[PDB]
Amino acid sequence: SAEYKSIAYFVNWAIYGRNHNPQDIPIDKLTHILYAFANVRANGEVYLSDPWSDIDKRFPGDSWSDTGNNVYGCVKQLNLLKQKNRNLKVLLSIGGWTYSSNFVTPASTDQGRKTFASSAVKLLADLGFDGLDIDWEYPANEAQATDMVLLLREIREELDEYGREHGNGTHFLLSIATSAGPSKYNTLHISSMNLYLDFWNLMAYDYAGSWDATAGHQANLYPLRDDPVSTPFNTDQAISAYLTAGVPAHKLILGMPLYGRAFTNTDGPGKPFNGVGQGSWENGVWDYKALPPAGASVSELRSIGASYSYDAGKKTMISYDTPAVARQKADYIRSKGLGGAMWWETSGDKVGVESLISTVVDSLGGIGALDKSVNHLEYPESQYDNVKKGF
């Protein structure tokens, strides 16, 4: 029994335009939820970025008192989900590509790192999280790379102390979202960081996009040696780099996109393009559940683990993963002995048989092939009465 992890991001702004609530999270196919994002002040304080979504919004069934003794919002809903599904772990993701977090300043001093670690663990202790997920994008030089190691070490120490004194000896989790681009991961001190991390979520997507001159595949497993300009990056090169630096394969989680990246005015992969067109929530990016577009043909490149839609009349290509590609990446996960799968983000997936999450879980071996470690339910230090009592 292999015990692969099935990890997905739930973004706290999904409750608005995306109309995607924690009750819609496919928890029957997931082992970990990454709740995104908390923000980081320059003094190191980690704090909730959206008090309404996070703790204040009243879902159906919630009380409407406001004496401030209890938590609501998505946090309460996630705690309810942890009660129903005892192998569902919920981590607080800190940072992200939000322009709302300063990692460089706090991580560079001992005081900043202790303020980060203590405020994040207090959030975990108050809100009922199973761990923390650090999303610093990205350490840009050697000084920041060492500061990343020292920050992870400080967080690990404070999580361990919290677990000893208030977690009945529970090992709370510490993970990271990490880059697949060589210029970025070669800057990291990978083996040093690995001492303090439970797993690495490899952001194996966004390989191609609006910043390019030629259209390309955004999440391919392997380089296209027949035409390398169409594959500016490839996952296998990154996996080998982390493996070589000393990360065990089972600690590498393969991130996968629940969205497509579009290129307009193009003949196809490796050809010039002009613009990215429209999108679901930003130009040039389409939810997977909005794909493929009507009238476009889908091409499957089994050689490199990639697929794309192409409308010849509109000269539009969209790089996204079909179920066939998801199965290839699931085969890649098992063949390489990787730790499992990660997705960004839950609101983009299809429902039913075309769900990429369900497709990957099937190819991994089904429910029996998933991690069965139990989550943590007791949070006796929480300021919130319903968290302390357990809902």
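Residue numbers run from 1 along the displayed sequence.
107-115 and 317-325 differ in mean CA B-factor, and the higher of the two is recorded for 107-115.
Averaged over CA atoms, B-factors in the entry run higher in 288-296 than in the other of 288-296 and 71-79. Within the selection 175, 307, 168, 87, the deposited Cα B-factor values reach their highest point at 168.
Annotation for 133, 137, 161, 130: 161 ranks highest, by Cα B-factor. Among all modelled residues in this chain, the alpha-carbon of residue 260 has a temperature factor (C-alpha) in the lowest third.
In this PDB entry, the Cα temperature factor of residue 372 sits in the top third of its chain's modelled residues, the highest group. For residue 278, the recorded CA B-factor ranks within the highest third of the chain. Only modelled residues enter the ranking. Residue 365: CA B factor lies in the middle third for its chain, per the PDB record. Sorting the modelled residues of the chain by their CA temperature factor places residue 355 in the lowest third.
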